[PDB]
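Okay, so here's the structure we're looking at.
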Amino acid sequence: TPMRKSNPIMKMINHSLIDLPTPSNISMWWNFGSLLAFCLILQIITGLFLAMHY
Amino acid sequence: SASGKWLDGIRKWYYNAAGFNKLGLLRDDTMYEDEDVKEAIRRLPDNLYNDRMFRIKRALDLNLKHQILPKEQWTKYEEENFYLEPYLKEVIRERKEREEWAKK
Amino acid sequence: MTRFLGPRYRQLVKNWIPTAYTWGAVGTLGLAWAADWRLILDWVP
Amino acid sequence: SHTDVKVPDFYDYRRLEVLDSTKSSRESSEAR
Amino acid sequence: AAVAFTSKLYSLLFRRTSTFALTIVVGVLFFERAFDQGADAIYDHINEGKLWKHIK
Amino acid sequence: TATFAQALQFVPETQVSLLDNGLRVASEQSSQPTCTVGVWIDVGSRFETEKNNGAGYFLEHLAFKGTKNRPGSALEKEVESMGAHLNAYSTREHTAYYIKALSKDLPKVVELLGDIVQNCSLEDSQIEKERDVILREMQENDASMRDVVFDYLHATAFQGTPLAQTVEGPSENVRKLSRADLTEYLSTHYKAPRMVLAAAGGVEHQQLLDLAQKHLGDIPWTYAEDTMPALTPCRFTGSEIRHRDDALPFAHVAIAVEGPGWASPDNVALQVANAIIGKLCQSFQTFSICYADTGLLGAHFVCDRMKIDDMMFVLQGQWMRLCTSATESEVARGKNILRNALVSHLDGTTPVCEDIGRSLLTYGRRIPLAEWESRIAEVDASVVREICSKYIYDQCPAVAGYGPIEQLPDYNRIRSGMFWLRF
Amino acid sequence: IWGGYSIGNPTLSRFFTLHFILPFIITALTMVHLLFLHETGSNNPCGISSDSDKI
Ligand SMILES: CCCCCCCCCCCCCCCCCC(=O)OC[C@H](COP(=O)([O-])OCC(O)COP(=O)([O-])OC[C@@H](COC(=O)CCCCCCCCCCCCCCCCC)OC(=O)CCCCCCCCCCCCCCCCC)OC(=O)CCCCCCCCCCCCCCCCC
Ligand SMILES: CCCCCCCCCCCCCCCCCC(=O)OC[C@H](COP(=O)([O-])OCC(O)COP(=O)([O-])OC[C@@H](COC(=O)CCCCCCCCCCCCCCCCC)OC(=O)CCCCCCCCCCCCCCCCC)OC(=O)CCCCCCCCCCCCCCCCC
Ligand SMILES: CCCCCCCCCCCCCCCCCC(=O)OC[C@H](COP(=O)([O-])OCC[N+](C)(C)C)OC(=O)CCCCCCCCCCCCCCCCC
Ligand SMILES: CCCCCCCC/C=C/CCCCCCCC(=O)OC[C@H](COP(=O)(O)OCCN)OC(=O)CCCCCCC/C=C/CCCCCCCC
Ligand code: HEM
Ligand code: HEM
Ligand SMILES: O=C1C(=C2CCC(c3ccc(Cl)cc3)CC2)C(O)=C(O)c2ccccc21
């Protein structure tokens with residue numbers, strides 16, 4: 001087997017976002033979840049910094 | 001009476017507005033696969049099953065390519081085939097019978 | 001639904017009524033004991 | 001074959017509540 | 001044969017889980033009060049003369 | 001035209017009589033050219049001590065091997081020249097010898113039947129031949145797995161009590177039992193007031209009674225010195241026996257609780273319950289096994305090794321369902337199944353004769369089908385709920401398992417399955 | 001919730017503690033959300049089953 005599939009943590013990552021089967025025909029409306037996650041991450045980082053002065 | 005021609009007129013209008021014919025698809029192709037529909041699809045003979053699968057893949061490819069078939073190849077309202085209805089009616093009868101047994 | 005109208009369902013509900021009102025008693029008394037609800041607890045000797 | 005089967009004795013562990021046998025079986029069960 | 005105490009206790013109260021639970025809430029209601037009163041009595045008694053409740 | 005229940009009135013009566021020595025004669029006449037006649041005896045393995053456990057099976061092996069009046073194979077040749085059949089059996093609690101024959105042969109039949117139970121020739125040579133045969137029959141694994149698990153169940157449930165012990169007994173005993181033991185066994189247990197002479201078919205009752213006085217009336221009746229052995233009273237233990245062997249294809253499992261015995265009424269309702277219960281696995285059954293004062297009430301199944309847990313879950317869930325939530329519609333079906341079984345069993349003379357004998361030993365009397373029908377008609381969902389709760393709900397079971405039984409749940413997990421937290 | 005007779009200093013620290021802790025609960029629940037999603041897979045614009053054309 002490839003290391004991609006050798007191990008539980010790695011195999012969960014693989015089933016999540018490498019070898020996951022996705023529809024071929026989904027449109028731009030399906031991009032907004034990943035942007036939501038990005039926004040959450042941005043907020044947490046900028047907040048941890050602000051926190052140290054408020 | 002005339003009422004038949006009138007109702008069929010509005011029905012044809014609604015069919016052209018829906019536009020799955022532009023993708024080369026039949027009406028029975030467009031059902032959502034609940035439990036009964038999946039069991040009806042299980043019962044199909046091989047030729048119908050294969051035709052359905054290819055038609056659906058072709059529609060998906062077109063949708064990927066933001067395109068449609070040539071007008072010459074659209075599904076016409078007057079010569080369509082409701083190939084799945086009969087099997088579905090039987091599946092639903094069977095389920096109804098079992099329910100009715102379950103309340104006695 | 002319309003499915004669950006019939007003899008078996010009536011019999012089945014009757015089978016579970018007592019357990020239902022016993023759990024009701026449990027929940028009521030517990031709530032009262034937990035919130036020192038005087039409206040009920042003032043009647044306990 | 002199997003017919004030679006016999007559970008070994010558990011006398012040391014069993015409760016006195018069944019050894020003092022002057023009471024029907026199922027009533028004992030209830031007490032325990 | 002021998003109607004014994006724990007057997008009556010099993011058959012009346014503990015056999016059914018709802019009633020077991022009800023028994024438990026009812027027991028805690030009364031245990032709480034009895035236990036508090038006993039403890040407060042002991043405490044008060046250990047150090048009479050030094051608490052401001054009575055000096056008041 | 002009649003109703004079922006009305007047809008039950010046309011079934012003929014069972015006549016019963018007594019001899020002076022206390023042997024009872026029972027018959028049902030059915031106007032046929034063929035008949036079954038036997039002797040049933042109120043003796044079995046639960047009257048044997050560890051010193052002679054296995055004596056009755058030994059005696060059964062050389063019952064038909066010769067009498068004084070008919071040395072050796074003469075008896076066999078006379079049975080075979082009539083065209084008749086001869087059979088026997090032995091149980092935890094009963095023993096039986098019967099013959100199938102033409103109705104013309106009743107005088108000879110009874111004669112032979114009396115010659116067998118009073119005048120067997122226990123010859124040393126034949127004893128040693130049977131000893132070798134039984135040892136050979138025990139050496140190799142000549143037992144079916146079903147028998148193995150049911151023997152294990154009796155051993156764990158009735159441990160420390162005579163019912164735990166098997167009919168065949170241990171091998172250590174058959175290599176050590178003597179003629180003295182056999183003759184003492186017979187002298188102590190084979191007494192007239194413990195015997196029944198039963199007949200079904202084209203047999204007239206008074207003729208049978210005359211023949212019984214002629215050929216069976218000299219059997220003694222005076223129990224002497226109360227020579228009968230003292231033995232331990234009944235007790236049931238919640239326990240498990242596990243025999244692991246991961247090379248066998250499939251796992252066998254048996255689980256019971258304690259039943260009420262022959263005498264109680266409740267049995268009827270329980271049977272109905274059984275019929276309601278009886279996919280995952282290959283094979284499954286429910287059972288009731290009755291004794292004088294106790295019994296086993298439970299189920300037996302075979303599974304692939306990866307599907308034992310689910311199956312136990314399903315079974316215990318059905319039990320809890322019946323205890324808490326039964327309904328009328330299913331109960332009706334179970335009653336009909338039970339009716340069909342009762343009437344189907346009693347077809348032909350042999351089963352009927354057998355029923356007469358067993359009934360007069362267990363009940364003291366033949367119970368007619370009409371009475372059974374009246375008892376069945378009274379059951380209803382409320383009765384089922386009540387009685388199932390009375391014997392199954394929150395009880396400790398006896399468990400036995402044989403095979404690849406790693407996945408058989410732990411005993412605490414099984415015990416916790418006997419009750420519901422939501423009830 | 002006020003910790004007093006009115007809005008005041010004791011309420012602001014409560015707002016700040018809660019605002020600090022909630023985003024991480026949001027993160028965990030997002031992971032559960034996606035776990036649930038990946039058991040079936042994504043729907044698509046046509047509303048018909050896409051198992052013949054997965055990439
Ligand atoms: C000082 C500040 C400066 C700011 C500068 C900002 C610069 C921004 C640059 C952005 C560049 C983006 C490039 C993206 C490339 C992506 C390529 C791709 O794959 O795209 C796929 C994606 C489509 O995805 P899809 O897979 O087809 O799926 C979508 C549908 O499912 C498909 O379904 P369908 O096929 O059925 O749909 C067909 C049709 C459906 O059509 C309809 O529904 C009908 C529409 C009819 C409209 C008619 C005219 C209007 C109405 C008039 C009605 C009459 C009124 C009468 C009144 C009477 C009164 C009496 O829809 C379309 O075709 C839509 C195409 C156009 C999309 C426009 C996107 C606009 C984005 C705006 C961003 C603004 C924020 C910027 C930042 C600001 C910061 C301050 O997009 C495209 O294909 C188009 C790409 C090109 C877009 C260019 C957008 C440029 C915007 C410039 C804005 C500048 C001004 C900002 C003002 C700010 C004010 C605060
Ligand atoms: C923190 C420190 C940590 C580190 C410590 C370190 C040391 C740790 C060492 C120890 C580690 C232990 C590990 C866990 C072992 C677990 C074993 C196990 O699962 O065995 C499986 C065990 C083995 O059986 P099996 O072989 O699987 O057979 C399955 C059969 O179906 C068997 O059938 P069955 O009929 O016999 O049993 C089924 C039934 C048996 O249970 C019952 O029927 C009832 C049991 C007693 C009554 C409990 C009622 C609780 C109701 C919810 C709370 C409200 C209470 C009243 C106040 C109302 C306030 C408005 O149970 C269920 O169906 C499960 C749910 C039961 C509760 C129903 C409510 C569900 C929703 C819960 C959330 C509610 C939130 C909102 C509340 C309202 C708004 C505040 O079977 C079970 O299913 C056991 C059930 C265990 C349930 C536990 C429930 C706990 C949660 C209670 C609520 C909490 C929220 C309270 C919020 C505030 C309001 C009061
Ligand atoms: C929202 C706030 C207010 C909530 C108030 C809650 C009110 C209800 C309280 C009920 C308490 C008693 C429930 C007993 C249920 C037993 C079920 C069971 O399975 O038992 C047998 C089981 C297993 O027993 P077993 O296996 O030996 O045998 C059981 C078999 N039968 C039933 C046949 C006898 O026993 C347990 O292990 C149960 C442990 C329960 C522990 C509960 C701890 C107390 C938690 C609640 C009180 C604290 C509330 C604080 C509120 C503060 C508000 C400011
Ligand atoms: C001192 C100044 C800093 C110097 C920095 C130097 C390093 C610069 C960056 C180098 C990046 C790494 C490039 C090479 C990676 C090689 C990975 C490798 O060989 O593993 C591949 C192979 C792939 O797996 P399979 O699919 O099973 O292969 C089967 C093939 N049929 O193995 C793996 O699974 C990957 C293993 C990854 C190992 C990565 C090691 C990284 C080491 C980094 C050291 C950095 C040092 C920094 C020092 C700073 C000053 C103190
Ligand atoms: C922090 C908030 C949220 C995050 C980070 C998040 C994240 C995601 C992501 C990454 C996906 C992958 C597919 C896609 O991008 O479309 C997704 C799908 C989905 N989300 Fe969420 N989401 C959030 C909130 C919500 C809300 C508020 C709803 C509904 C009210 C919702 C419902 C769904 C559904 C139904 C899907 C799958 C639908 C489909 O695949 O067709 N989510 N989400
Ligand atoms: C979903 C995640 C978050 C959202 C939606 C969010 C939202 C907000 C908003 C709207 C404000 C006020 C903006 C303003 O007054 O101009 C704010 C302020 C603040 N947030 Fe965040 N926040 C998030 C995460 C975090 C995290 C993880 C922290 C960690 C400490 C944090 C720390 C702060 C602080 C210290 C302030 C006050 C500073 C200021 O007002 O500029 N935030 N937040
Ligand atoms: O973007 C995703 C997606 C995921 C990609 C990775 C993202 C992500 C966000 C943050 C980090 Cl640190 C890593 C990955 C989370 C969303 C995911 O699980 C899907 O199932 C999916 C399906 C259709 C279209 C898009 C997606």
Side-chain angles (χ1 to χ4, degrees), chain C, chain E:
Chain C
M1 316 86 162
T2 304
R3 167 159 50 132
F4 308 120
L5 291 180
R8 211 177 42 101
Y9 299 110
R10 302 191 204 109
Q11 296 167 11
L12 186 54
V13 164
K14 284 181 178 291
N15 279 339
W16 285 96
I17 284 180
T19 282
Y21 67 63
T22 312
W23 284 122
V26 172
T28 302
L29 273 162
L31 198 163
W33 162 78
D36 283 0
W37 196 7
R38 305 248 49 92
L39 176 67
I40 296 176
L41 298 187
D42 278 0
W43 299 96
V44 181
Chain E
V3 300
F5 157 66
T6 46
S7 70
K8 291 186 176 182
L9 195 72
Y10 175 70
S11 52
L12 268 70
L13 305 179
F14 299 162
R15 198 163 142 76
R16 196 164 178 166
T17 315
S18 66
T19 55
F20 184 87
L22 183 57
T23 302
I24 281 161
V25 308
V26 168
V28 73
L29 252 166
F30 284 92
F31 176 73
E32 182 173 22
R33 197 160 88 200
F35 184 75
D36 291 340
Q37 280 199 7
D40 289 338
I42 291 294
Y43 187 75
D44 297 6
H45 178 235
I46 287 174
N47 43 66
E48 290 188 9
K50 291 193 294 190
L51 294 173
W52 190 77
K53 60 203 292 176
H54 299 306
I55 299 168
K56 182 180 182 182

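The chains referred to below are lettered A, B, ... by the order of the sequence lines, with proteins before strands, and numbering in each begins at 1. Computed over heavy atoms, backbone and side chain alike; hydrogens, waters and symmetry mates excluded.
- Take E:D36 and apply the salt bridge (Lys or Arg N to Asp or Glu O under 4.0 Å) test, not counting sequence neighbours, and it matches no residue.
- The candidate with the highest count of non-hydrogen atom pairs below 4.5 Å against chain E, out of C:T19, C:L29, C:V44, is C:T19.
- With a 4.5 angstrom heavy-atom cutoff, C:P18 touches chain E via backbone and side-chain atoms both.
- In this structure, E:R33 places its CZ atom where only 12 or fewer heavy-atom neighbours from other residues, nucleotides or ligands lie under 6.0 Å away.
- A 6.0 Å sphere centred on CH2 of C:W16 holds more than 12 heavy atoms belonging to other residues, nucleotides or ligands.
- For the pair E:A21 and C:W23, the tightest heavy-atom approach, listed with the atom from each and the gap, is CB-CZ3, 4.3 Å.
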